[PDB]
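Visitor: Got a structure for you, questions after.
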Amino acid sequence: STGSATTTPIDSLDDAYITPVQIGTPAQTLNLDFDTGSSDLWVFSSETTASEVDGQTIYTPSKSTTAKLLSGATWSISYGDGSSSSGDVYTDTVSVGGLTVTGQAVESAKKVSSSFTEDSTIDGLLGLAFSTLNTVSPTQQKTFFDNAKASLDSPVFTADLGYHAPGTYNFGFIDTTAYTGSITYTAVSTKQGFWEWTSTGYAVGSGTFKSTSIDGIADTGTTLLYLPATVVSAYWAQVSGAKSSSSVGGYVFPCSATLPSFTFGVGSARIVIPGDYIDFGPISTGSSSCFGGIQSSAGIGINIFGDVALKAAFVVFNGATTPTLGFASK
């Protein structure tokens with residue numbers, strides 16, 4: 001089997017991407033944030049504290065003839081941005097782009113933090129990291145990809161995120177028309193539950209490439225590119241007036257700037273992030289200070305190849321017995 005679904009930015013900045021997902025019988029379609037940095041499929045639901053729902057579409061398990069309470073199971077998750085959610089668990093039929101998993105754990109939110117409530121466009125998350133990170137207790141549950149894998153034509157999914165435009169998540173096949181040149185594959189460590197890999201270096205603009213190992217995670221659920229402070233300083237030093245602002249929470253730059261590109265290495269191959277991808281716009285409405293899309297990972301504890309990086313590439317998440325990651329230009 002295979003599946004193919006379109007993923008759409010939630011706003012004009014590409015702050016996140018939503019992908020429609022069918023849950024239950026008859027189908028209830030929710031727009032979920034596909035997140036290769038976590039491993040829970042959770043949804044706003046009829047059980048979510050009413051004051052914490054503000055515009056989201058909810059899953060109502062009592063209206064699904066295939067929903068079953070997973071007795072005694074609870075979940076609770078906290079994300080790198082400080083947000084969180086928790087609740088109980090159903091199993092139900094879940095389909096993405098024509099690919100169907102029966103008996104998928106659907107984690108129903110009883111509580112969500114303010115950042116989730118405040119974002120009316122995201123109805124939940126669909127985790128695509130390794131199932132070892134799944135938070136369901138006392139019986140850990142598998143991700144949608146893990147459940148689908150054996151049925152897929154090939155045990156892979158691909159992320160083709162757009163810049164200020166829709167893109168695609170495919171399951172079970174590599175669309176050879178979706179990228180240019182060849183796909184370069186690189187080793188993955190699953191030891192921390194992530195799609196963790198080592199970039200071979202970077203360049204800023206038309207500058208020379210610096211060969212240096214940068215361990216980090218391919219994370220579709222993180223907006224920005226988080227890299228070591230040395231790398232980030234070298235980038236922003238090429239933008240007149242750019243500075244790290246403690247009060248804003250990262251590097252800002254004059255909105256009048258033309259940003260240089262940023263290149264990262266994948267083996268001997270190179271992925272070029274155009275300068276415009278690094279612009280996250282005014283820090284507050286009407287400001288001439290703009291927020292940068294490359295930020296320091298110092299104090300995160302890990303480097304994160306988030307959407308800013310991934311959207312410059314066609315990315316293969318290869319879930320073969322020994323997982324690997326592939327990157328192509330597009």
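Identifiers for the structure tokens are assigned positionally: chains receive A, B, ... in sequence, residues are indexed from 1 per chain, and ligands are indexed from 1 in the order shown.
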Need to verify the contact set: residue A:167, 7 Å, only C-alpha atoms, exclusion of same-chain residues closer than 4 positions in sequence. Can you return it as number ranges by chain?
Guide: A: 6-8, 160-162
Visitor: Excluding same-chain residues fewer than 2 positions from stretch 41-45 of chain A, what lies within 8 Å of it counting only C-alpha atoms, as a count of residues only?
Guide: 24
Visitor: Atom CA of residue A:317 and atom CA of residue A:269 are how many Å apart?
Guide: 17.2 Å
Visitor: Need to verify the contact set: stretch 196-205 of chain A, 9 Å, only C-alpha atoms, exclusion of same-chain residues closer than 2 positions in sequence. Can you return it as a PyMOL selection string?
Guide: chain A and resi 186-194+207-218+231+234-235+238+259-270+272+274-275+324-325
Visitor: Would you mind exporting N, CA and C atoms of the selected residues as a compact mmCIF listing (two decimals), in the first residue's frame?
Guide:
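What landed in out-v5.txt:
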```
# COMPACT_ATOMS: atom_id res chain seq x y z
N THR A 186 22.20 9.09 4.48
CA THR A 186 23.11 9.31 5.59
C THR A 186 22.63 8.54 6.81
N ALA A 187 23.57 8.12 7.66
CA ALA A 187 23.27 7.26 8.79
C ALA A 187 22.41 7.95 9.85
N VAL A 188 21.61 7.14 10.53
CA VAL A 188 20.73 7.61 11.59
C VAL A 188 21.04 6.86 12.87
N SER A 189 21.08 7.58 13.98
CA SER A 189 21.06 6.98 15.30
C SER A 189 19.65 7.08 15.87
N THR A 190 19.11 5.95 16.32
CA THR A 190 17.79 5.94 16.93
C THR A 190 17.88 5.92 18.46
N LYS A 191 19.09 6.08 19.00
CA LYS A 191 19.33 5.92 20.43
C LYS A 191 18.53 6.88 21.31
N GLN A 192 18.20 8.06 20.80
CA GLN A 192 17.38 9.01 21.54
C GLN A 192 15.93 9.06 21.03
N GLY A 193 15.58 8.14 20.15
CA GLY A 193 14.23 8.07 19.61
C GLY A 193 13.93 8.96 18.43
N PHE A 194 14.93 9.73 18.00
CA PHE A 194 14.76 10.71 16.93
C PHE A 194 15.39 10.23 15.62
N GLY A 207 30.03 31.89 0.52
CA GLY A 207 31.25 31.59 1.23
C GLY A 207 31.72 30.16 1.09
N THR A 208 32.96 29.92 1.51
CA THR A 208 33.51 28.58 1.40
C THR A 208 32.86 27.64 2.41
N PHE A 209 32.80 26.38 2.04
CA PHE A 209 32.19 25.38 2.88
C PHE A 209 33.14 24.98 4.00
N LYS A 210 32.60 24.97 5.22
CA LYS A 210 33.31 24.54 6.41
C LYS A 210 32.95 23.11 6.74
N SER A 211 33.93 22.21 6.65
CA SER A 211 33.71 20.81 6.98
C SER A 211 33.75 20.66 8.49
N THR A 212 32.63 20.24 9.06
CA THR A 212 32.52 20.06 10.49
C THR A 212 31.29 19.22 10.75
N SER A 213 31.39 18.30 11.69
CA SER A 213 30.29 17.40 12.00
C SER A 213 29.30 18.10 12.89
N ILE A 214 28.03 18.08 12.48
CA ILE A 214 26.96 18.68 13.26
C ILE A 214 25.88 17.63 13.45
N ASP A 215 25.83 17.07 14.65
CA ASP A 215 24.80 16.09 14.98
C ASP A 215 23.48 16.80 15.22
N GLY A 216 22.40 16.32 14.64
CA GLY A 216 21.12 16.94 14.91
C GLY A 216 19.97 16.07 14.47
N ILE A 217 18.74 16.56 14.65
CA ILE A 217 17.56 15.76 14.35
C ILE A 217 16.78 16.38 13.20
N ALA A 218 16.23 15.54 12.35
CA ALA A 218 15.31 15.99 11.30
C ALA A 218 13.92 16.06 11.90
N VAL A 231 28.16 28.49 14.60
CA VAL A 231 27.61 28.47 13.24
C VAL A 231 26.63 29.61 13.05
N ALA A 234 28.32 32.98 12.83
CA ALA A 234 28.93 33.16 11.52
C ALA A 234 27.91 33.54 10.45
N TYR A 235 26.71 32.98 10.53
CA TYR A 235 25.64 33.35 9.62
C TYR A 235 25.23 34.82 9.82
N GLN A 238 26.98 38.08 8.71
CA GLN A 238 26.91 38.51 7.32
C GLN A 238 25.70 39.38 7.01
N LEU A 259 18.76 38.69 3.04
CA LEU A 259 19.45 37.62 3.76
C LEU A 259 20.25 36.73 2.82
N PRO A 260 21.44 36.32 3.26
CA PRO A 260 22.21 35.33 2.50
C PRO A 260 21.62 33.93 2.67
N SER A 261 21.91 33.06 1.71
CA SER A 261 21.55 31.67 1.83
C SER A 261 22.39 30.97 2.91
N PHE A 262 21.96 29.77 3.27
CA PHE A 262 22.70 28.91 4.19
C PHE A 262 22.71 27.52 3.60
N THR A 263 23.90 26.95 3.46
CA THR A 263 24.07 25.61 2.92
C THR A 263 24.45 24.63 4.03
N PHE A 264 23.82 23.46 4.05
CA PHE A 264 24.27 22.40 4.94
C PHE A 264 24.67 21.14 4.15
N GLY A 265 25.65 20.42 4.68
CA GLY A 265 26.13 19.22 4.04
C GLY A 265 25.39 17.96 4.44
N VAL A 266 25.19 17.09 3.45
CA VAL A 266 24.67 15.75 3.65
C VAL A 266 25.67 14.87 2.93
N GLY A 267 26.56 14.21 3.67
CA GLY A 267 27.68 13.55 3.03
C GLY A 267 28.42 14.55 2.15
N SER A 268 28.70 14.16 0.92
CA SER A 268 29.38 15.05 0.00
C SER A 268 28.42 16.00 -0.73
N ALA A 269 27.12 15.83 -0.48
CA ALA A 269 26.10 16.66 -1.12
C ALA A 269 25.81 17.91 -0.29
N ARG A 270 25.10 18.85 -0.91
CA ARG A 270 24.86 20.14 -0.30
C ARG A 270 23.40 20.52 -0.52
N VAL A 272 20.93 23.81 -0.20
CA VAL A 272 20.96 25.27 -0.09
C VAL A 272 19.61 25.81 0.35
N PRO A 274 17.57 29.02 0.65
CA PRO A 274 17.61 30.42 0.20
C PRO A 274 17.41 31.39 1.35
N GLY A 275 18.00 32.57 1.23
CA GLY A 275 17.88 33.59 2.25
C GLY A 275 16.46 33.89 2.67
N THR A 324 17.69 5.04 7.84
CA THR A 324 18.57 6.07 7.31
C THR A 324 17.73 7.27 6.89
N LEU A 325 18.40 8.38 6.58
CA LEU A 325 17.75 9.58 6.07
C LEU A 325 18.31 9.90 4.71
```
Visitor: Just asking: which residues within stretch 79-187 of chain A are strand (DSSP E or B) according to DSSP, as a PyMOL selection string?
Guide: chain A and resi 84-96+99-112+124-127+137+156-160+167-171+184-187
Visitor: Got a sec: who's within 7 Å of stretch 130-137 of chain A, counting only C-alpha atoms, leaving out chain neighbours fewer than 3 positions off, as a PDB file with N, CA, C and O atoms, in the first residue's frame?
Guide:
```pdb
ATOM      1  N   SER A  38       8.425  13.728  17.450  1.00  0.00           N
ATOM      2  CA  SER A  38       7.707  13.101  18.556  1.00  0.00           C
ATOM      3  C   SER A  38       6.942  11.897  18.054  1.00  0.00           C
ATOM      4  O   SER A  38       6.937  11.624  16.851  1.00  0.00           O
ATOM      5  N   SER A  39       6.291  11.174  18.966  1.00  0.00           N
ATOM      6  CA  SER A  39       5.783   9.840  18.645  1.00  0.00           C
ATOM      7  C   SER A  39       4.398   9.558  19.182  1.00  0.00           C
ATOM      8  O   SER A  39       4.020   8.398  19.332  1.00  0.00           O
ATOM      9  N   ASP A  40       3.628  10.612  19.439  1.00  0.00           N
ATOM     10  CA  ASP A  40       2.244  10.500  19.878  1.00  0.00           C
ATOM     11  C   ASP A  40       1.332  11.077  18.798  1.00  0.00           C
ATOM     12  O   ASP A  40       1.609  12.141  18.213  1.00  0.00           O
ATOM     13  N   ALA A  73      -5.311   3.335  29.820  1.00  0.00           N
ATOM     14  CA  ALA A  73      -4.186   4.032  29.197  1.00  0.00           C
ATOM     15  C   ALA A  73      -4.307   5.552  29.323  1.00  0.00           C
ATOM     16  O   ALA A  73      -5.364   6.130  29.095  1.00  0.00           O
ATOM     17  N   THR A  74      -3.207   6.190  29.697  1.00  0.00           N
ATOM     18  CA  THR A  74      -3.135   7.644  29.718  1.00  0.00           C
ATOM     19  C   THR A  74      -1.866   8.096  29.017  1.00  0.00           C
ATOM     20  O   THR A  74      -0.960   7.305  28.764  1.00  0.00           O
ATOM     21  N   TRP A  75      -1.812   9.378  28.690  1.00  0.00           N
ATOM     22  CA  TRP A  75      -0.642   9.936  28.042  1.00  0.00           C
ATOM     23  C   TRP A  75      -0.436  11.360  28.535  1.00  0.00           C
ATOM     24  O   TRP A  75      -1.369  12.017  28.999  1.00  0.00           O
ATOM     25  N   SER A  76       0.796  11.832  28.417  1.00  0.00           N
ATOM     26  CA  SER A  76       1.155  13.170  28.854  1.00  0.00           C
ATOM     27  C   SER A  76       2.480  13.529  28.203  1.00  0.00           C
ATOM     28  O   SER A  76       3.453  12.784  28.314  1.00  0.00           O
ATOM     29  N   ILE A  77       2.513  14.660  27.506  1.00  0.00           N
ATOM     30  CA  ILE A  77       3.683  15.008  26.719  1.00  0.00           C
ATOM     31  C   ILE A  77       4.015  16.469  26.917  1.00  0.00           C
ATOM     32  O   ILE A  77       3.129  17.293  27.157  1.00  0.00           O
ATOM     33  N   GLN A 140       3.050   1.216  26.097  1.00  0.00           N
ATOM     34  CA  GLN A 140       3.485   2.148  25.057  1.00  0.00           C
ATOM     35  C   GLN A 140       2.855   1.762  23.730  1.00  0.00           C
ATOM     36  O   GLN A 140       2.698   0.586  23.436  1.00  0.00           O
ATOM     37  N   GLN A 141       2.498   2.769  22.936  1.00  0.00           N
ATOM     38  CA  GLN A 141       1.823   2.551  21.659  1.00  0.00           C
ATOM     39  C   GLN A 141       2.715   2.895  20.476  1.00  0.00           C
ATOM     40  O   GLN A 141       3.678   3.647  20.604  1.00  0.00           O
ATOM     41  N   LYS A 142       2.381   2.335  19.323  1.00  0.00           N
ATOM     42  CA  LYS A 142       3.135   2.554  18.089  1.00  0.00           C
ATOM     43  C   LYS A 142       2.640   3.750  17.280  1.00  0.00           C
ATOM     44  O   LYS A 142       1.448   4.072  17.263  1.00  0.00           O
ATOM     45  N   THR A 143       3.555   4.390  16.564  1.00  0.00           N
ATOM     46  CA  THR A 143       3.178   5.472  15.656  1.00  0.00           C
ATOM     47  C   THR A 143       2.406   4.933  14.460  1.00  0.00           C
ATOM     48  O   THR A 143       2.432   3.734  14.155  1.00  0.00           O
ATOM     49  N   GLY A 193      15.579   8.136  20.146  1.00  0.00           N
ATOM     50  CA  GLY A 193      14.232   8.067  19.613  1.00  0.00           C
ATOM     51  C   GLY A 193      13.933   8.962  18.433  1.00  0.00           C
ATOM     52  O   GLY A 193      12.804   8.951  17.936  1.00  0.00           O
ATOM     53  N   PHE A 194      14.928   9.733  18.001  1.00  0.00           N
ATOM     54  CA  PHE A 194      14.757  10.713  16.927  1.00  0.00           C
ATOM     55  C   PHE A 194      15.390  10.226  15.624  1.00  0.00           C
ATOM     56  O   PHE A 194      16.208   9.295  15.613  1.00  0.00           O
TER      57      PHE A 194
END
```
Visitor: Could you make a table, as JSON lines, of the residues of stretch 166-217 of chain A that have an atom within 12 Å of an atom of stretch 310-314 of chain A, each with its nearest atom pair and distance in Å to one decimal, counting only C-alpha atoms, in chain and number order?
Guide:
```
{"residue": "A:166", "atom": "CA", "partner": "A:311", "partner_atom": "CA", "distance": 10.5}
{"residue": "A:167", "atom": "CA", "partner": "A:311", "partner_atom": "CA", "distance": 8.9}
{"residue": "A:168", "atom": "CA", "partner": "A:314", "partner_atom": "CA", "distance": 9.7}
{"residue": "A:169", "atom": "CA", "partner": "A:314", "partner_atom": "CA", "distance": 10.1}
{"residue": "A:170", "atom": "CA", "partner": "A:314", "partner_atom": "CA", "distance": 10.9}
{"residue": "A:174", "atom": "CA", "partner": "A:314", "partner_atom": "CA", "distance": 9.8}
{"residue": "A:175", "atom": "CA", "partner": "A:314", "partner_atom": "CA", "distance": 9.7}
{"residue": "A:176", "atom": "CA", "partner": "A:314", "partner_atom": "CA", "distance": 10.1}
{"residue": "A:177", "atom": "CA", "partner": "A:314", "partner_atom": "CA", "distance": 10.6}
{"residue": "A:178", "atom": "CA", "partner": "A:314", "partner_atom": "CA", "distance": 7.3}
{"residue": "A:179", "atom": "CA", "partner": "A:314", "partner_atom": "CA", "distance": 6.1}
{"residue": "A:180", "atom": "CA", "partner": "A:314", "partner_atom": "CA", "distance": 8.9}
{"residue": "A:181", "atom": "CA", "partner": "A:314", "partner_atom": "CA", "distance": 10.8}
{"residue": "A:182", "atom": "CA", "partner": "A:314", "partner_atom": "CA", "distance": 10.2}
{"residue": "A:183", "atom": "CA", "partner": "A:314", "partner_atom": "CA", "distance": 8.2}
{"residue": "A:184", "atom": "CA", "partner": "A:314", "partner_atom": "CA", "distance": 10.3}
{"residue": "A:185", "atom": "CA", "partner": "A:314", "partner_atom": "CA", "distance": 11.6}
{"residue": "A:217", "atom": "CA", "partner": "A:310", "partner_atom": "CA", "distance": 10.7}
```
Visitor: Set out as a Markdown table a contact list for stretch 5-87 of chain A and stretch 96-103 of chain A with a cut-off of 7 Å, giving each residue of stretch 5-87 of chain A that qualifies its closest atom pair and distance in Å to one decimal, counting only C-alpha atoms, ordered by chain and rising residue number.
Guide:
```
| residue | atom | partner | partner_atom | distance |
| --- | --- | --- | --- | --- |
| A:5 | CA | A:97 | CA | 4.4 |
| A:21 | CA | A:96 | CA | 5.2 |
| A:22 | CA | A:96 | CA | 6.5 |
```
Visitor: Tell me which of A:294, A:18, A:30, A:23 sits closest to residue A:309, counting only C-alpha atoms.
Guide: A:294
Visitor: What does the structure give for the distance between atom CA of residue A:227 and atom CA of residue A:290, in Å to one decimal?
Guide: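 Spanning atom CA of residue A:227 to atom CA of residue A:290 is a straight-line distance of 19.0 Å.
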Visitor: Find the residue from A:248, A:271, A:297, A:280 that sits nearest to residue A:228; use only C-alpha atoms when measuring.
Guide: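 Using only C-alpha atoms, the shortest distance to residue A:228 belongs to A:297.
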Visitor: Give the answer as one residue: which of A:163, A:68, A:219, A:284 has the shortest atom-to-atom distance to residue A:128, using only C-alpha atoms?
Guide: A:219
Visitor: Tell me which protein, DNA and RNA residues are within 10 Å of residue A:63, counting only C-alpha atoms, leaving out same-chain ones fewer than 2 positions away, and put them as an mmCIF file with N, CA and C atoms, in the first residue's frame.
Guide:
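What ended up in result.cif:
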```cif
data_model
loop_
_atom_site.group_PDB
_atom_site.id
_atom_site.type_symbol
_atom_site.label_atom_id
_atom_site.label_comp_id
_atom_site.auth_asym_id
_atom_site.auth_seq_id
_atom_site.Cartn_x
_atom_site.Cartn_y
_atom_site.Cartn_z
ATOM 1 N N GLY A 24 -11.743 7.432 12.521
ATOM 2 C CA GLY A 24 -13.029 6.868 12.885
ATOM 3 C C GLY A 24 -13.953 6.526 11.742
ATOM 4 N N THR A 25 -15.140 6.054 12.124
ATOM 5 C CA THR A 25 -16.148 5.594 11.180
ATOM 6 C C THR A 25 -17.515 6.088 11.639
ATOM 7 N N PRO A 26 -18.199 6.912 10.831
ATOM 8 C CA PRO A 26 -17.720 7.564 9.606
ATOM 9 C C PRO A 26 -16.511 8.441 9.901
ATOM 10 N N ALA A 27 -15.767 8.785 8.859
ATOM 11 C CA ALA A 27 -14.550 9.548 9.029
ATOM 12 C C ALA A 27 -14.819 10.898 9.683
ATOM 13 N N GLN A 28 -13.933 11.256 10.608
ATOM 14 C CA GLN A 28 -13.839 12.603 11.158
ATOM 15 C C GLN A 28 -12.485 13.137 10.708
ATOM 16 N N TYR A 59 -12.215 15.481 17.655
ATOM 17 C CA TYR A 59 -12.581 14.082 17.512
ATOM 18 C C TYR A 59 -13.564 13.693 18.613
ATOM 19 N N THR A 60 -14.676 13.080 18.216
ATOM 20 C CA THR A 60 -15.683 12.615 19.160
ATOM 21 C C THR A 60 -15.758 11.090 19.069
ATOM 22 N N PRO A 61 -15.068 10.388 19.978
ATOM 23 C CA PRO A 61 -15.055 8.926 19.809
ATOM 24 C C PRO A 61 -16.425 8.262 19.909
ATOM 25 N N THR A 65 -18.026 4.296 15.191
ATOM 26 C CA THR A 65 -18.431 2.925 15.460
ATOM 27 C C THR A 65 -17.224 1.997 15.592
ATOM 28 N N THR A 66 -16.039 2.482 15.230
ATOM 29 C CA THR A 66 -14.820 1.688 15.338
ATOM 30 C C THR A 66 -13.927 2.116 16.511
ATOM 31 N N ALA A 67 -14.328 3.149 17.250
ATOM 32 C CA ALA A 67 -13.553 3.590 18.412
ATOM 33 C C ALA A 67 -13.709 2.611 19.556
#
```
Visitor: Go ahead and compute the interatomic distance for atom CA of residue A:326 and atom CA of residue A:17, in Å to one decimal.
Guide: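 Those two atoms sit 20.6 Å apart.
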